[PDB]
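Q: Dropping the structure in here first, questions after.
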Amino acid sequence: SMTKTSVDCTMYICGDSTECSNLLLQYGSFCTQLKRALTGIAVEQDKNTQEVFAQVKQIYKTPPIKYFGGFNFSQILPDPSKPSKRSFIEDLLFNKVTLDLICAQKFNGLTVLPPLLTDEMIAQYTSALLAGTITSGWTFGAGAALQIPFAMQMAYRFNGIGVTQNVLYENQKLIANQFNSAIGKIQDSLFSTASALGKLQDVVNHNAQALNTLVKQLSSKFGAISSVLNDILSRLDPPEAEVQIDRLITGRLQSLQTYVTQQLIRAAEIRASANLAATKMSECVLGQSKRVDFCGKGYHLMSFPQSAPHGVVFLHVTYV
Amino acid sequence: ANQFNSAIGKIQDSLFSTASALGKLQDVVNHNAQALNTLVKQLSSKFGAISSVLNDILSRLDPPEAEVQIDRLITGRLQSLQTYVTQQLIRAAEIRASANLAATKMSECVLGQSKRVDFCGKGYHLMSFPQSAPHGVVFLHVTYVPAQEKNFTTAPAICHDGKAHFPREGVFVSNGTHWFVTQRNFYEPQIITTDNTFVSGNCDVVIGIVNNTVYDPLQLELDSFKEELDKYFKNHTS
Amino acid sequence: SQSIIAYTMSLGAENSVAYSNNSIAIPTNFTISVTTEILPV
Ligand SMILES: *[C@@H]1O[C@H](CO[C@@H]2O[C@@H](C)[C@@H](O)[C@@H](O)[C@@H]2O)[C@@H](O[C@@H]2O[C@H](CO)[C@@H](O)[C@H](O)[C@H]2NC(C)=O)[C@H](O)[C@H]1NC(C)=O
Ligand SMILES: *[C@@H]1O[C@H](CO)[C@@H](O[C@@H]2O[C@H](CO)[C@@H](O)[C@H](O)[C@H]2NC(C)=O)[C@H](O)[C@H]1NC(C)=O
Ligand SMILES: *[C@@H]1O[C@H](CO)[C@@H](O[C@@H]2O[C@H](CO)[C@@H](O)[C@H](O)[C@H]2NC(C)=O)[C@H](O)[C@H]1NC(C)=O
Ligand SMILES: *[C@@H]1O[C@H](CO)[C@@H](O)[C@H](O)[C@H]1NC(C)=O
Ligand SMILES: *[C@@H]1O[C@H](CO)[C@@H](O)[C@H](O)[C@H]1NC(C)=O
Ligand SMILES: *[C@@H]1O[C@H](CO)[C@@H](O)[C@H](O)[C@H]1NC(C)=O
């Protein structure tokens, strides 16, 4: 998802000016269109988050004993010693990706709407998905969660990639050690190797830059004597004022239309990304995929979800 | 067959009662109608001109003075048209993505059986049926849902004669006293046999292995007739 | 008498899976489900 933004047209174009508002009434329903488009974008952001993360019927919990055949899930399991019961990896993700400019943006008609699902709720959904996948395999995604020992589930996954289960039962300690080493290296490689995790910051930067450009366009005269509405109203009669007011109205309306169009295009891109993320949650976390390179490089065994600011992280466990 | 008939009968109610979807088609229709309504309503805006009617401006002004109002109206209506076409392009891209998804679902759920989780409904996809709807498609996904789960004790392998036995296709289960092997998605207990199992190594590696008897039909028949042969030889000799 | 009430979202029922060391759950029945998916074309 991305930041949900609301714009007051009258405040942005004709801030607390009645003459400018009366002149802006002559341009029809452009601003109702802009408001509708922004509302659609915000509702779509909430829908994106719901379709990615609300993929569990029940909030599954892991038993108090955290033994799963030697596998080490504590770095991705919830931490009760936290206000938001985020995991180690999730806490790292939220600390490294971080969302005056904000005051000024809020100062002329541009507000930011909070997401419907809080970060605590997204962490709860991720925790339920993780508990379901490590206590019941892929059964919880097709109906009731049926418990199975984790070693036996991993034997099922080995069968699903063409390897007999005796191989896993005879190399269980080695496989657990390798998984533990890789999941330990995740906490370094996620933030050191870079590659991705720049996508979330790119989304944040794009939204912040768009809002900054929109609020900076209020300092342009657009051919008028001044960019301040009060100055024009104080230094001219309404006949001569109307020309400058109309110039400012045209410029600010063009700025608003440009911002809303770029927002619509970016929202379409984010919707495509969220549909991909929902498909990956269904086919990599709720099941075992046979599609090549859909859930990581190699023969996909399983996947684990983690929540990140405005995004999701998939830890793909594969056989190489 | 009875379950499928009941579910397909409930479809005719749940399609229009439970709502959920089927609002997407009406949303598309409403968006298009609202866009056209806004476009045709923008013709009543003066856009700074004396009037929004072209005939009025042409009748009340000379071409020099008329041209200014005409240009104002032209700019306003051109902006309205450009806005409408841009929103139409974005909505057409969204509809194209939806139609690509629908074509993929028709290929992979109606023309085949999908192993992709939740691509053709919730549960284990059996089949799908297409139906046409105004400006859209409806997929009736028939899936298999496990219903009545029972609790069993399970082991990764069975130790019989210093050999570890693994199920060929299934899982070892026990109600508490007896050990069987069953298919993993439906309880159908079968006696553990060399036909249902394969051997790999000894019982010193697998964690959780239990002793249980693995029966050999071949050896059963062999020693069963060997006992009769021994009795025959005993009665012939003495 | 009904009124407008505000509340915190419930994400779903809490279900502690009876995960164990040698325990398995296996279905003895099944249900044939027919669900509906509407897609604009
Ligand atoms: C699983 O069985 C092994 C093998 O024991 C043999 O087979 C059994 C079915 C039974 O007939 C035994 O009498 C056979 O000896 C068990 O290993 C035995 O362990 C006991 C206790 O330490 C020891 O006295 C025996 O000598 C062992 N047998 C051999 C052949 O080494 C093993 O303990 C069994 N596991 C469980 C959990 O019961
Ligand atoms: C499941 O088996 C594991 C592995 O042996 C058990 O974990 C051990 O429990 C014992 C008993 O207290 C401890 O001494 C060991 O340190 C534990 N090992 C590990 C790796 O944690 C576990 O207790 C078993 N589960 C049940 C319900 O008995
Ligand atoms: C498996 O489930 C089916 C479907 O629920 C059961 O069939 C039902 O049986 C009850 C009891 O006899 C009847 O009242 C219902 O009318 C039946 N339903 C249908 C759709 O036929 C069936 O008994 C279950 N079987 C087992 C072995 O548990
Ligand atoms: C499990 O995970 C944590 C986090 O890395 C680690 O410190 C701990 O030692 C692990 N436990 C075992 C038994 O490997
Ligand atoms: C299996 O046993 C556990 C522990 O008693 C119980 O909580 C659980 O509901 C049982 N599962 C089924 C499917 O009956
Ligand atoms: C387990 O199944 C066997 C074979 O039918 C049966 O004889 C035995 O009684 C069962 N045990 C229990 C505890 O139900």
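Heads up, residue numbers simply count up from 1 along the chain you see.
For this deposited structure, the header notes the method as electron microscopy, 2.7 Å.
Yeah, the Cβs are placed from backbone N, Cα and C, and that goes for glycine too.
Quick paste of what Swiss-Prot says about this protein:
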DISULFID  A:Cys9-A:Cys31  disulfide bond
DISULFID  A:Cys14-A:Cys20  disulfide bond
CARBOHYD  A:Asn72  N-linked glycosylation site
DISULFID  A:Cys284-A:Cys295  disulfide bond
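So that I understand the layout, could you describe where these features sit and how close they are to other parts?
A: In this structure, A:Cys31 (disulfide bond) is part of a helix by DSSP.
Secondary structure at A:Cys20 (disulfide bond), as computed by DSSP, is helix.
The local packing around A:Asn72 (N-linked glycosylation site), expressed as other Cβ atoms within 10 Å of its Cβ over all shown chains, amounts to 16.
Cβ neighbour count for A:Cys284 (disulfide bond): 26 (other Cβ atoms within 10 Å of its Cβ, all protein chains included).
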Q: Tell me which of the disulfide-bonded residues A:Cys9, A:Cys20 sits in the most Cβ-dense spot, judged by other Cβ atoms within 10 Å.
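A: It comes out as A:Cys20.
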Q: Measuring Cα to Cα, how far is A:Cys295 (disulfide bond) from A:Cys14 (disulfide bond) in Å?
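A: Given the Cα positions, A:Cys295 (disulfide bond) is 51 Å from A:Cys14 (disulfide bond).
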Q: What whole-number Å value do you get for the CA-CA distance of A:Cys31 (disulfide bond) and A:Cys14 (disulfide bond)?
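A: Spelling it out, the Cα of A:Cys31 (disulfide bond) and the Cα of A:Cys14 (disulfide bond) are 12 Å apart.
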Q: Going by DSSP, give the three-state secondary structure for A:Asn72 (N-linked glycosylation site).
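A: In three-state terms, A:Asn72 (N-linked glycosylation site) counts as coil.
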Q: Nearest to A:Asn72 (N-linked glycosylation site) in three-dimensional space, by Cα, is which of the disulfide-bonded residues A:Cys9, A:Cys14, A:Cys20, A:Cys284?
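A: Result: the closest of the disulfide-bonded residues to A:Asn72 (N-linked glycosylation site) is A:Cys284.
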